[PDB]
Amino acid sequence: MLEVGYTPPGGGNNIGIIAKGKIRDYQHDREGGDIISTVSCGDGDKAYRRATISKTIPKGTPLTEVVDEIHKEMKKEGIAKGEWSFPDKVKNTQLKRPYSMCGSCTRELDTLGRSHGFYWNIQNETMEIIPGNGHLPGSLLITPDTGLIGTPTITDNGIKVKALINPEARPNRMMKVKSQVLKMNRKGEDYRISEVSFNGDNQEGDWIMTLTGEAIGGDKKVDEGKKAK
Amino acid sequence: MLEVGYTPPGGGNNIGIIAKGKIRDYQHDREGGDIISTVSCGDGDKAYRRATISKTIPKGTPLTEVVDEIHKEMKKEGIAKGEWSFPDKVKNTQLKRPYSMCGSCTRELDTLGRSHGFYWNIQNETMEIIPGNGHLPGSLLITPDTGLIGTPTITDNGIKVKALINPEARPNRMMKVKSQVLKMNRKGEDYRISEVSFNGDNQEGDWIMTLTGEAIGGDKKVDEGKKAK
Amino acid sequence: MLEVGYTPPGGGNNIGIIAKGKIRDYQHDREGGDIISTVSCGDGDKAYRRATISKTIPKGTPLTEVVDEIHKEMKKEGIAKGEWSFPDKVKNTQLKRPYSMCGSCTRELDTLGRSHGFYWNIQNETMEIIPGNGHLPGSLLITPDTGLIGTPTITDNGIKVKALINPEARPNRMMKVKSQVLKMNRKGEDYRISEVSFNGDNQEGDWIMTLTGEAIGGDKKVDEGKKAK
Amino acid sequence: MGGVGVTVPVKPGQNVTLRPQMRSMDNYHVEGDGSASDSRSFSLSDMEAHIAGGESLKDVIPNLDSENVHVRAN
Amino acid sequence: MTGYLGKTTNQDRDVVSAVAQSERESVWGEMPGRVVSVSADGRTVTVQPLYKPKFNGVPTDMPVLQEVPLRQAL
Amino acid sequence: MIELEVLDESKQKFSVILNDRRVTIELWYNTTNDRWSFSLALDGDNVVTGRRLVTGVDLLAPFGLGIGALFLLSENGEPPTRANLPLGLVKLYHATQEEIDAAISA
Amino acid sequence: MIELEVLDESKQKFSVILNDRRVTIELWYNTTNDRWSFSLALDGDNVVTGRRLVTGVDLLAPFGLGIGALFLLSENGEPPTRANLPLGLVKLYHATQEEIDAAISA
Amino acid sequence: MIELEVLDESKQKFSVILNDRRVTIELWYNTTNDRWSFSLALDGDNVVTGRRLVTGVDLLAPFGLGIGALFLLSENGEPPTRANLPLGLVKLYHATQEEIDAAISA
């Protein structure tokens, strides 16, 4: 657990979890005489290593019961279930021929994604699934009146926005971004959240987060970008 | 299209194309309030992705007709034909069996290079081919009286020379380099051009180009360097 | 050969070999007008590229005679024999079936190490072999009274210690590290040597070396760290 | 298997399927005691020829008996 | 294997062996299959192979392989 | 079971993993009736909206959401108030179904 | 077809992609006859050297290089001069073979 | 054969590759008898310890270590001393077995 936030003299508490940690590697350091303890942690890191499944799976079985099946083994390793939103093509597909599973869960999780074009990820010991062109419910406002730093920087698909770390910002959500520049950039307001970056300090380096989002179209679909085979 | 060159108050125009660009990715940026648009482009980048060939080949076919056939598919994707100078062993070789072609053009392009060690490359939407130890006609003088910055930096095979960006410098050509240093360094004058680097600015960072060349021997061949199996 | 050490006005010579070099690549450089010659060298570079063995090997043969066999081929390429200390499981193992060898010596050296976890390395044209959890005889003291700079840096398994380059320090040996920090840091004194780093200058930057060691336990074994399959 | 099996008369001009091996058997064939020269993987010099898998679908093998197990000598 | 030590300070080694691992997945090899139909010319079979690779954490099915060259031992 | 902290804010929102599902809870105070209310969304889908916080009952029972029991307690059975809920004089708890079963069997 | 810019220099060289070939053209002024001349190299090989730039004819016709037609034009058929060619009073054009066929058919 | 330099220190240690073996030598001076002594470790294991350095004989002969001959020489057969060994008046040499054979045959 790495809990970050703002604790103003009045107000209240804004502190929430931005990263839940399974220690990766630690190492002290002297600079003058100091001792800085540089921690690295683990994200689903018990599942990226020790999760191995055992599956015979027959024909006719729908195309989601076994995301539950794989989550059984990934749950033996202490992973929680997030929101799963499959593609519509996925929700309705059935089976002609049987479905090997022997080896490593994450490895053939990746082949899953490459094979039906969907995203899955682990966000603080909770595993979410979304479509490539879709996102999950939950919106977050970023404006010069709501924590905006500089540009809502424009990109090919969407934006990359800096702000003060303020905990809700999760991948696979929606951010509504307003400024005095995006209007003449004609860029929308709603964007999916794909990349999240947290950099901060307690004394000098203010809490800063940067969010990369790929724009949602008029169709309520994300601007995927040209996937190269 | 990125045109660079010199436009002196007298003189005239020295401006030529140093890179013809298929946009790779762009992104705006503030530094204060600025907006810098960071472009990345594409070189034969439509061929590196969308070029796929269709080919049966019979026995007895000479050893260049199907460079032409592959260039057919690359030309479908908008590539031009440069100078092709095959190895002598290549120009005269014939065949015994059929020549599978199914999948990625660049894939089995690279396996070509590894199959007898010839270079092929794309130079501003133009495709050139040379032998491993050869080079193409065309020469460029680089002297303290003709655009030299520093020493001609000496290397194992050849040199690495900085100069003002001034647009002839193309890979797979020849540079004749003179200085007051190379004479006591006993290093020759003629070198092939293998690496080209362009870095510069309009206001402050002048035009600088750096050229890496592998020296030509007395026999008119390049010092290939010991290729390692 | 790169000789480093200390030559005080009194005392004597402390200069030893810290790297015996087969030239990798060299290149001169201006900075103003200077000419700095930047060398990269080779360690076992003859054997990493031109060592190829020739072997049928029969059933029943012990598990070390053919380390001698493979060292015959790397000896054709000028490699000396270091100290070999196999695991006890290795020393006593015999055979059921024959042992292909055709291709890259270093390649199937590595598959050795992954086959059952021993380290092998080349240290200045000398080949040493140790177990994953073991080390070789030879100890070196590192204390504020014997060459310690800063803290003895603590890590998950062992330590990382800086000091003045002073030539005994070899990989796969032991360091006894003392300070005023380790005591309240409840860390042992004996560590294996796994990583070695030499950075130095003749004029300005002191001789500096940094050693990473994985701690030896009570049972005279190294704290391996969790090897992830 | 041990000589006990089926044979097909191989003649210059028939079609085989070539399969490489994970590693070579230079002196597993030159000496029976089973190991080749240096240490590689997957070399073109490791091909074995097998009788099934070589011919082209353009070239048609006539009279393929479909109901009864058929053994041919022509 | 992915993430030998943790979250997001993923070693350059991890994110390279992961690419090698994925490309090692991508290759095909053997697998058992069920004959669906047999062409009249007797050399191509419509096959519904019994393997599904891993899709959306779940069985999906890669389609019936068509004009698969049947290979008798001839 | 666990205690879920309540901030001194008339409207607050947080997320917690209950039975390995990401449950987002939003509490808001209703001044006209002087009572706290909760909405619950299971992994981004709003499943319960506008329920009143009441002491001594299982708040999630009607819905069969499969995320255990969410209940409020106080020493002398007071009702939750703008002042009394953030102060911890009334505590919000989550109890897992197995724990509930074990207590009922004990 | 396209127009090939000419600099105000007594000797200049450029490169263009004509029918997807690298064509390097070198123009040089001959003061003694006061006329422009061109050498053409295809992909580094010098194929045409020292030809006269004349208006109203295809300059590459004799050679069968397969890189289209390269011709000069002026409003009143003036000849190309040191001053007149760079000023654009005489324009250098490259026409592709298909374009020539279409115009001849039209 | 090779010459092994000796520093001007009453106790010194170095390593050399003899017959492709990493041989570590430790020389130390015994003041009470005024003599140099050597310990030899092959690959980290001490195979010889406390041997007197004497001129004109092979110091490793009794042990059959397989690393050649290690012998001391001086112009008039003086004995090694604290002063005269580091000065190079007595020289330590390593000779390979093949070299010894060739000289014996010659």
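Definitions and limits used
Residues numbered from 1 in each chain as written, not as in the entry; some residues may be left out. Chains lettered and ligands numbered in written order. Part of a larger assembly, values for the part shown. Heavy atoms only, no water. Helix = DSSP H or I, 4+ residues; strand = E, 2+ residues; numbered from the N terminus. Rg over C-alpha atoms; globule rule 2.2 N^0.38 Å. Buried < 20%, exposed > 50% of the residue type's maximum accessible area, 1.4 Å probe, protein only. Contact = heavy atoms within 4.5 Å. Areas by Shrake-Rupley, 256 points an atom, 1.4 Å probe, with all protein chains shown as cover. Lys, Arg positive; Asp, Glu negative; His and termini not counted. Charge placed at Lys NZ, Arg CZ, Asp CG, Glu CD. Buried area = accessible area lost by both parts, 1.4 Å probe. Salt bridge = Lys/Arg side-chain N within 4 Å of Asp/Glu carboxyl O. Polar contact = N/O pair within 3.5 Å; in protein donor to acceptor, adjacent residues only side chain to side chain. Nonpolar A, V, L, I, M, F, W, Y, C, P; charged D, E, K, R; others polar. Least-squares fit on C-alpha atoms. Axes fitted to C-alpha atoms, helices over the stretch in contact; angles between N-to-C directions. Parallel < 35°, antiparallel > 145°, perpendicular 65-115°, else oblique. Left-handed = near helix turned anticlockwise from the far one by under 90°. Disulfide = S-S within 2.5 Å. Pairing = 2+ DSSP bridges. Expected span 1.5 Å × (residues − 1). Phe/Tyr/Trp six-rings, centres within 6.5 Å; stacked < 30°, edge-to-face > 60°. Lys NZ or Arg CZ within 6 Å of the ring centre and 35° of its normal. Core = buried A, V, L, I, M, F, W, Y, C linked by side-chain atoms within 4.5 Å.

Listed as the method for this PDB entry is cryo-EM; the listed resolution is 3.19 Å.

Got a minute to help me understand the overall build of chain F in this structure?
A tally of regular secondary structure across chain F gives one helix and seven strands. The C-alpha radius of gyration computed for chain F amounts to 13 Å, which stays within 12% of the reference 13 Å derived for 106 residues, consistent with globular compactness. With the C-alpha coordinates aligned to their principal axes, the bounding extent of chain F is approximately 40 × 35 × 20 Å. Relative to its full complement of 106 residues, chain F shows a buried share of 38%. Within chain F, contacts between residues at least 6 apart in sequence are counted, and of these 35% link residues at least 24 apart. When the accessible surface of chain F is summed, it comes to about 5700 Å², and 49% of that surface belongs to carbon and sulfur atoms. Side-chain charges of chain F comprise 9 positive and 15 negative groups, with the mean position of each set lying 8 Å from the other.

Just to check I follow, could you spell out the arrangement of the chains for this structure?
Between all ten pairs of chains that are in contact, chains A and E come out with the most contacts. Over all C-alpha pairs, chain E and chain F never come within contact, reaching a minimum spacing of 18 Å. Looking at chain F next to chain G, you find no contact at all, with the nearest C-alpha pair sitting 56 Å apart.

Teacher, can you tell me more about the interface of chain E and chain A here?
The figure often quoted for interface size is the accessible area lost as the parts come together. Contacts between chain E and chain A engage 35 residues on the former and 45 residues on the latter. Summed over both partners, the interface of chain E with chain A comes to about 3400 Å²; 50% of that surface belongs to carbon and sulfur atoms. On the chain E side of the contact with chain A, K7, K54 and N56 of chain E bury the most area, a combined 27% of that side's loss. Summed over the shared surface of chain E and chain A, the result is two salt bridges. In this structure, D14 of chain E and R24 of chain A form a salt bridge, with 3.3 Å as the shortest nitrogen-oxygen distance. Applying the counting criterion to the chain E and chain A interface returns 26 residue pairs in polar contact. Among the elements of the structure, α1 (14-26), β2 (44-49), β3 (54-55) and β4 (58-59) of chain E are those that each provide at least two residues to the side of chain E that touches chain A. In terms of residues, the side of chain E that touches chain A owes the most to one element, α1 of chain E, which gives five residues. Residues belonging to the side of chain E that touches chain A are distributed by class as follows: 14 nonpolar, 13 polar and eight charged.

It is not clear to me how the relation of the copies chain C and chain A should be interpreted in this structure. Could you clarify?
The relation between the two chain copies is a rotation about an axis coupled with a shift along that axis. By a simple turn and slide, chain C fits onto chain A: the slide is 0.0 Å along the axis, the RMSD is 0.2 Å, and the turn is 120 degrees. Those values place the two copies in the arrangement expected of a three-fold rotation axis. The position closest to the rotation axis in chain C is occupied by the C-alpha of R107 of chain C, lying 14 Å away.

Where do I start with the environment of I208 of chain B in this structure?
Looking at the element boundaries, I208 of chain B is found in strand β12 (residues 208-213). Residues contacting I208 of chain B, with those up to four places away along its chain left out, are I149, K162, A163, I165, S197, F198 and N199 of chain B.

What am I meant to see in the packing of helix α4 (residues 105-116) of chain A against α1 of chain E here?
Each pair of packed helices can be described by the angle between their axes along with the distance between the axes. Direction vectors running N to C along α4 of chain A and α1 of chain E enclose 65 degrees, while the axes themselves pass 10 Å from each other. Taken together, α4 of chain A and α1 of chain E sit at an angle that is classed as roughly perpendicular. The handedness of the crossing between α4 of chain A and α1 of chain E comes out as right-handed. Contacts between α4 of chain A and α1 of chain E involve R107, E108, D110 and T111 of chain A from the former and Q21, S22, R24 and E25 of chain E from the latter. Classifying every residue of the contact of α4 of chain A with α1 of chain E gives no nonpolar, three polar and five charged.

Can you help me understand the state of the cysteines in this one?
Note on terminology: a disulfide is the covalent bond linking the sulfur atoms of two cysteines. Inspection of the entire model under this criterion finds zero disulfides over all chains. Left without a disulfide partner, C105 of chain C is nearest to the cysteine sulfur of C102 of chain C, which lies 13 Å away.

Just checking my understanding: could you explain the pairing of strand β9 (residues 148-154) of chain C for this structure?
Side-chain direction in a regular strand flips from residue to residue, so the side chains alternate between the two faces of the sheet. Residue and element names in this part refer to chain C. The buried fraction of β9 amounts to five of the seven residues, a majority that puts the element mostly inside the structure. Where β9 meets strand β10 (residues 159-163), four bridges bridge the pair, whose relative direction is antiparallel. By the bridge assignment for β10, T153 is matched with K160. Linking β9 to β10, which pair antiparallel, is a turn of four residues.

Can you help me understand the sheet that holds strand β6 (residues 69-74) of chain F in this one?
Paired through their backbone hydrogen bonds, the strands of a sheet run either parallel or antiparallel. Residue and element names in this part refer to chain F. As summarised here, the arrangement of the three strands in space is β1-β7-β6, forming an open sheet in which the pairing is antiparallel. Two strands close off the open sheet at either side, each with one partner strand: β1 (2-4) and β6. Each strand of the sheet is rotated relative to its neighbour by a mean of 40 degrees, with strand direction disregarded. By the bridge criterion, three bridges tie β1 to strand β7 (residues 90-95) in an arrangement that is antiparallel. Bridge assignment links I2 to a residue of β7, and that residue is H94.

Sorry if this is basic, but what is going on with the interface of chain C and chain A here?
Across the contact, ten residues belong to chain C and nine residues belong to chain A. Carbon and sulfur atoms make up 51% of the surface buried where chain C meets chain A, a total of about 820 Å² over both sides. The interface formed by chain C and chain A holds zero salt bridges in total. If you look at where chain C meets chain A, you find three residue pairs in polar contact. Split by residue class, the side of chain C that touches chain A holds three nonpolar, four polar and three charged.

What exactly am I supposed to notice about the sheet that holds strand β7 (residues 148-154) of chain B here?
Residues and elements named next belong to chain B. With respect to topology, four strands assemble into an open sheet ordered β7-β8-β12-β11, the strand pairing being antiparallel. Both outer strands of the open sheet, β7 and β11 (195-199), are each paired with one neighbouring strand and no more. On average, each strand axis in the sheet is inclined to that of its neighbour by 10 degrees, with strand direction left out of account. Pairing between strand β8 (residues 159-163) and β12: five bridges, direction antiparallel. Looking across to β12, one finds that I159 is bridged to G213.

Sorry if this is basic, but what is going on with the pairing of strand β5 (residues 45-52) of chain F here?
Residue and element names in this part refer to chain F. Relative to β5, strand β4 (residues 35-42) is paired through five bridges, and the arrangement is antiparallel. Residue pairing across strands places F38 opposite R51, the latter belonging to β5. In textbook terms, the turn of a hairpin is the stretch between consecutive antiparallel strands, and for β4 and β5 this stretch comprises two residues, one of which, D43, has a positive phi near 60 degrees.

What is the right way to read helix α2 (residues 65-76) of chain B from this model?
All names here are of chain B. Spanning twelve residues, α2 covers 17 Å between terminal C-alpha atoms, matching the ideal 16 Å at 1.5 Å per step. Summarising the contacts, the buried residues of α2 are in contact with α1 (47-50), β3 (80-84), α4 (105-116) and β5 (126-131). A positive phi of about 90 degrees marks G78, the residue just after α2.

I keep staring at the pattern of salt bridges and nothing clicks. Help me out?
Any two side chains of opposite charge can pair, on the condition that their charged atoms come close. Scanning all chains against the criterion turns up 40 salt bridges over all chains. Measuring nitrogen to oxygen at the nearest pair gives 2.6 Å for the salt bridge that ties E77 of chain C to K46 of chain C. Linking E77 of chain C in the loop between α2 (65-76) and β5 (80-84) with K46 of chain C in the loop between β4 (38-40) and α1 (47-50), this pair joins segments that are 31 residues apart in sequence. The partner of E26 of chain G in a salt bridge is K11 of chain G, and the shortest N-O contact between them spans 4.0 Å. Remark: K11 of chain G occurs in strand β2 (residues 11-18) and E26 of chain G occurs in strand β3 (residues 21-30); sequence separation between them is 15 residues. Taken together, the shared-partner salt bridges in this structure form one network comprising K55, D68, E69 and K72 of chain C.

Please explain the packing of aromatic side chains as it appears in this structure.
The way to describe two aromatic rings as a pair is by their centre distance and the angle between their planes. A complete count under the given rule lists ten aromatic pairs over all chains for this structure. For the pair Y29 of chain H and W36 of chain H, a centre-to-centre distance of 5.5 Å together with 55 degrees between the ring planes defines the contact as tilted. A relative accessible area of 0% places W36 of chain H in the buried class. The positively charged end of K227 of chain A is found above the aromatic ring belonging to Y119 of chain A, 5.7 Å away from the centroid.

Help me understand the nonpolar core, please; the structure alone is not making it clear to me.
In a soluble, globular protein the nonpolar side chains are often hidden away together inside. Residues and elements named next belong to chain A. Membership of the largest hydrophobic core comes to 26 residues, with the highest contact counts inside it found for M74, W120, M127 and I129. Contributions of two or more residues to this core are made by α1 (47-50), α2 (65-76), α4, β6 (118-122) and β7 (126-131). For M74, the residues in contact, after removing those within four places along its chain, are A47, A51, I79, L109, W120, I122 and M127.

Just checking my understanding: could you explain the side chain of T143 of chain C for this structure?
Here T143 of chain C is to be found in the loop between β8 (139-142) and β9. Excluding residues that lie within four positions of it along the chain, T143 of chain C makes contacts with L148 and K178 of chain C.

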